[PDB]
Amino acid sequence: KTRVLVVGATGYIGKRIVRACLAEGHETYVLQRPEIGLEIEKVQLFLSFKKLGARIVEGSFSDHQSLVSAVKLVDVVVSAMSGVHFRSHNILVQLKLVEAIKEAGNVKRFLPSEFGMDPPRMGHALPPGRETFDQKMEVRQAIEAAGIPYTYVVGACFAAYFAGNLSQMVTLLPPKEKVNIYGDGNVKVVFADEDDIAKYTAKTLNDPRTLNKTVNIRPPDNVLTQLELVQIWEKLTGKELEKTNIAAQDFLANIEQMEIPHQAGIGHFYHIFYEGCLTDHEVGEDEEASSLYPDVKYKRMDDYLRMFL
């Protein structure tokens, strides 16, 4: 039985990873930091994990020895640390976890908080969006310096942030009548239900095929252009949307004057929808999660969008 520590267990993807580890059959440990005082939602999340059979491990990122103690309990550590500018962007805090793993020496694999664009492929991104890739690379740098075996889970847009809103920024719901199309809207993007991301993570974390590998989440039916995604919704609703095509220069105009979390968002959307960073390179079946784990009947984006009807 694989023992797994989830660090970031109440996070957006972290909580889905916890439940996926439990359903996969792993002996699932969750790190509970003691600073969560009156954050009642976090406290009841941990209590719901307990009721599912998770085991709470108390530890703190400012107590190096408590991290060492926690990781010594498990075979695999999965980190879901924050990495979104408008939420919180504390990627580099994992360095203390890496150090703790380095000292414990028992850890057979570490999955750091990746779950998005492929960091080493983003060397061209400009600040502040660039921070995400620079800081994940630095965590990668520490992992491989320490000789810690790893798996990097990358390659898909969370469906909540990019599909349920027809990729409109600052909203999470489909628009009623108007939609902005990025460029011609013919650039292929990779989408995935976050619950499937979690299930692929639970399955890959002890799979020899993915030891010391980048694993890509690129389910073939979910490779869609923005216009394809829009047209799915128009078909489901029986209503055409008025589409405005936004050229690259107008999308980025005056970016330097906007608040930093919005600058990052714009930078990321530009890589995804204008440069097509998630599909501008091919990946093999031996490094792609839908083909590695074909028993995951992943949710297609028409079924994902139906939830919004």
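In this text, residue numbers run from 1 along the sequence as written. Definition used throughout: the rigid core is the maximal C-alpha set that superposes within 1.5 Å between two forms.
Student: So, in 6 other deposited structures of this protein, taking the root mean square over structures and residues of the Cα distances after a rigid core fit: is 89 to 97 or 133 to 141 the more displaced stretch?
Tutor: Looking at 133 to 141 and 89 to 97 in 6 other deposited structures of this protein, the bigger mover is 89 to 97.
Student: Out of 150 to 158 and 165 to 173, which one drifts farther from the shown form in 6 other deposited structures of this protein in terms of CA positions, with the fit done on the rigid core?
Tutor: Most displaced of the pair in 6 other deposited structures of this protein: 165 to 173.
Student: Once you work out the mean C-alpha B-factor for both 123 to 131 and 164 to 172 from the entry, which is higher?
Tutor: Between 123 to 131 and 164 to 172, it is 123 to 131 that shows the higher mean C-alpha B-factor.
Student: Name the higher of the two by mean Cα B-factor in the PDB entry, 210 to 218 versus 155 to 163.
Tutor: In the deposited entry, the stretch with the higher C-alpha B-factor mean is 210 to 218.
Student: Please pick out which of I260, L278, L45, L31 has the largest Cα B-factor as recorded in the entry.
Tutor: In this record, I260 carries the highest C-alpha B-factor of the candidates.
Student: So if I compare the CA B-factors in the entry for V78, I197, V190, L97, which one is the largest?
Tutor: Out of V78, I197, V190, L97, the record gives the largest C-alpha B-factor to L97.
Student: Lowest, middle or highest third: where is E114 by C-alpha B factor in its chain?
Tutor: Tercile = middle for this residue's CA B-factor.
Student: Among the modelled residues of its chain, does the C-alpha B-factor of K235 lie in the lowest, middle or highest third?
Tutor: For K235, the deposited C-alpha B-factor lands in the lowest third.
Student: What third of the chain, by the recorded C-alpha B-factor, contains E41?
Tutor: For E41, whose C-alpha B-factor we compare with every modelled residue in the chain, the answer is the lowest third.
Student: Within this chain, which third does the Cα B-factor at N186 fall in: lowest, middle or highest?
Tutor: Its C-alpha B-factor belongs to the middle third of this chain's values.
Student: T225: which third of its chain by C-alpha temperature factor?
Tutor: Its C-alpha B-factor belongs to the lowest third of this chain's values.
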